[PDB]
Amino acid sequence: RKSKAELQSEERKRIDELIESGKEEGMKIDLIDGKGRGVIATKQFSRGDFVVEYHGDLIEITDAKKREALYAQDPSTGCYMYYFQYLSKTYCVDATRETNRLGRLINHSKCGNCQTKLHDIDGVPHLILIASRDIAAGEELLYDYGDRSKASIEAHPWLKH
């Protein structure tokens, strides 16, 4: 008797509220063997639950390309650009700057426990991670970065797994 429209309206509101509040609960940073920092769950997440936003600076593809080239000139700067399609254009969330936000610290796997989704709030796209399966406390959060480039895989063989 949660009709379709209502289940939809409630889910939209729930997600919007989480994005807007920026509460990043149920997660902690840890050093992960072979990966640098990573994020570990400190509570159970159920399949379909919001985990965290991939928060950063929203930019357009031409600007993103320029930045990517600039960051590449500094070996101390990591790789935090997340490209995606929205309304017939390509955008990028640039999470390169060190902030307190956790989404940018989540590592890669092809057998991860989170899935990235596009969620728009009044015309502004947001990238969010949702649990793809039940996640137990103590598990490292992981999702598929999606970079299948030969050059990327050559430089970072971990992208293949």
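Counting begins at 1, following the sequence as shown.
Look at the C-alpha B-factors of 111-119 and of 62-70. On average they run higher in 62-70. When the C-alpha B-factors of 96-104 and 31-39 are averaged, 96-104 comes out higher. Within the selection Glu139, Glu10, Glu20, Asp144, the deposited Cα B-factor values reach their highest point at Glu20.
Ranked by Cα temperature factor within the chain, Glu53 sits in the lowest third according to the deposited record.
Among the modelled residues of its chain, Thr77 has a C-alpha B-factor that falls in the highest third, as given in the PDB entry.
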